[PDB]
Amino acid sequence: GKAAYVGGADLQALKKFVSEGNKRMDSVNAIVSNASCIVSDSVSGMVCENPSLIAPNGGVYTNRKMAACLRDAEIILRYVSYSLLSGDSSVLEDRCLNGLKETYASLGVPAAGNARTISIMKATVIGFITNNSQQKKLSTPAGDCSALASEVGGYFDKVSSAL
């Protein structure tokens, strides 16, 4: 119920405990430093492939419903960013996904829309981690982050499957 600050020997142990610690911190940093554009580009992509989502009484018609959806995409992205930091999905599973499928069935949050937002978020995050992003590149030493792109891909897939 407070902020955790991890540095010094605490962080050195965390970074030995996870695989590829230094590249992993860069990967986390890429997600959280670009969180707003990742979310907006993915939800925008949802809509432009299916613009009836923003037609009257569609899923994200009106600013309140669109705002709730952008908020949810960010929540999900941040649980994924924490899974990549820690390298396990326990917290994503128990505190974000657990019961979420049933919530969205009652509220009328359509599944095909969510799955596209998630796939675009996954594609966008992988593009950053692999420096295939075109408007912005990461400021890191050059190298191969393919293993970490795969792993974060699995966290997103867990979300997709859960929904």
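C-alpha atoms forming the largest set that superposes within 1.5 Å between two forms make up the rigid core. Residue numbers here begin at 1 and follow the sequence given.
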_Between stretches 129 to 137 and 96 to 104, more displaced by Cα RMS in 5 other deposited structures of this protein (rigid core superposition)_ = 129 to 137
_For a rigid core alignment of each structure in 5 other deposited structures of this protein onto the shown form, which stretch has the higher root mean square Cα deviation: 49 to 57 or 63 to 71?_
49 to 57
*asked:* Tell me which stretch, 107 to 115 or 126 to 134, has the higher mean Cα B-factor listed in the entry.
replied: 107 to 115
*Would you tell me which stretch averages the higher CA B-factor in the PDB entry, 18 to 26 or 151 to 159?*
151 to 159
*Compare the CA B factors listed in the entry for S40, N63, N98, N34 and report the winner.*
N98
*Taking the C-alpha B-factors as the PDB entry records them, is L70 in the lowest, middle or highest third of its chain?*
lowest
*Of the three thirds of its chain by CA temperature factor, lowest, middle or highest, which one includes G58?*
middle
*For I120, does the deposited CA B-factor place it in the lowest, middle or highest third of the chain?*
lowest
*By its CA B factor, does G8 count among the lowest, middle or highest third of the modelled residues in the chain?*
middle
